[PDB]
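Lettering of chains follows the sequences in order, A, B, ..., and the numbering in each one begins at 1.
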Amino acid sequence: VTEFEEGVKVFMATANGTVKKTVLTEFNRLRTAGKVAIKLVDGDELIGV
DNA sequence: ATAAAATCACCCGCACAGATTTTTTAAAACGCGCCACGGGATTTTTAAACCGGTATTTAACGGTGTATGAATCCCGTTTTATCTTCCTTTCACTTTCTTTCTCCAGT
């Protein structure tokens, strides 16, 4: 990400064909330990953002 | 008794780096609820396989001239095995305090 601006969204696609959309401004500032962004189930992993 | 050589505590102001100590904030959680979404049972439509044929497009092959992979030699990096140590602990000993038992001079 070059910079955070406007109200663009983030598209997340995992295995088994599950999609999810979230606003970028949520990830504007993060601490040393990050926050939960997706509730994965069983053996599922993010493949594309 | 004359010579050679050493060591430490505190007071007064001021500026700053580092170590606790509250205080605020964002993430995680719980309870309740409702409607968005996916399952199941019909209609509908279209993606790809199949017959042709033609017209290109690729890969295998035969010469030259390099760039690099394995081997060797080192030196900083991190692990692991290996020493010494100060507080916890009791404990037999020693010391020190408290009560008691006589002596004993005086009348």
Side-chain angles (χ1 to χ4, degrees):
Chain A
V1 176
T2 62
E3 83 288 334
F4 308 89
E5 54 88 38
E6 208 178 0
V8 299
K9 276 74 62 179
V10 178
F11 202 94
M12 303 170 59
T14 82
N16 315 120
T18 304
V19 297
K20 174 180 174 298
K21 183 193 299 180
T22 319
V23 194
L24 180 59
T25 186
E26 174 70 289
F27 311 98
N28 200 329
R29 187 184 298 101
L30 298 179
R31 304 187 301 267
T32 301
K35 55 194 301 299
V36 183
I38 183 176
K39 183 189 291 87
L40 298 175
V41 285
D42 306 69
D44 201 337
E45 302 176 359
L46 278 168
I47 307 299
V49 185

### Query
For A:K35 and B:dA28, what is the distance between atoms NZ and P respectively, to the nearest whole Å?
7 Å
### Query
When rounded to the nearest 0.5 angstrom, what distance separates NZ in A:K9 from OG1 in A:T22?
11.0 Å
#### Entry: Connected via hydrophobic side-chain network under 4.5 Å: A:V49 and A:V8
yes
### Task
Using the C1'-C2'-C3'-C4' torsion, classify the pucker of B:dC8 as north or south, with positive meaning north.
north
### A:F4 reachable from A:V10 in the ILVMFWY side-chain graph, under 4.5 Å edges
yes
### Message
Rounded at 0.5 Å granularity, tell me how far CD in A:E3 sits from CG in A:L24.
### Response
9.0 Å
### Task
Look at atom CD of A:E5 and say whether more than 12 heavy atoms of other residues, nucleotides or ligands are closer to it than 6.0 Å.
yes
### Task
Would you mind calling the pucker of B:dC10 north or south from its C1'-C2'-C3'-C4' torsion?
north
### Query
Can you list the stems that include DNA chain B, where a stem is three or more consecutive Watson-Crick or G-U pairs with distances under 3.5 Å?
none
### Task
Linking directly or through intermediates, with side-chain heavy atoms under 4.5 Å: list the remaining ILVMFWY members grouped with A:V19, chain and number order.
A:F11
### Task
Under 4.0 Å from any atom of DNA chain B, heavy atoms only: list the residues of residues 41-49 of chain A that qualify, in numerical order.
none
### Message
Using a 4.0 Å heavy-atom cut-off to protein, can you give one letter per nucleotide of nucleotides 18-25 of chain B, 5' to 3': B if the base is in contact, S if only the sugar-phosphate is, - if neither?
### Response
--------
### Task
Apply side-chain contact (heavy atoms from CB on, under 4.5 Å) to A:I38 and list each qualifying residue two or more places apart in sequence or on a separate chain.
A:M12, A:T14, A:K20, A:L40, A:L46
Distance-only check: which donor-acceptor pairs under 3.5 Å involve side-chain atoms of residues 25-32 of chain A, not counting sequence neighbours?
none

### Task
Note down whether B:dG40 puckers north or south, where north is a positive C1'-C2'-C3'-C4' and south a negative one.
south
#### Entry: Strand contacts (DNA chain B) in residues 6-34 of chain A, 4.0 angstrom heavy-atom criterion
A:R31
### Summary
Note: B:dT89 sugar, classed by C1'-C2'-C3'-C4' (positive north, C3'-endo side; negative south, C2'-endo side), is north
### Task
List for me each residue that meets side-chain contact (heavy atoms from CB on, under 4.5 Å) alongside A:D42, sequence neighbours excluded, and say none if there are none.
none
### Query
Read from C1'-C2'-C3'-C4', is the pucker at B:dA27 north or south?
south
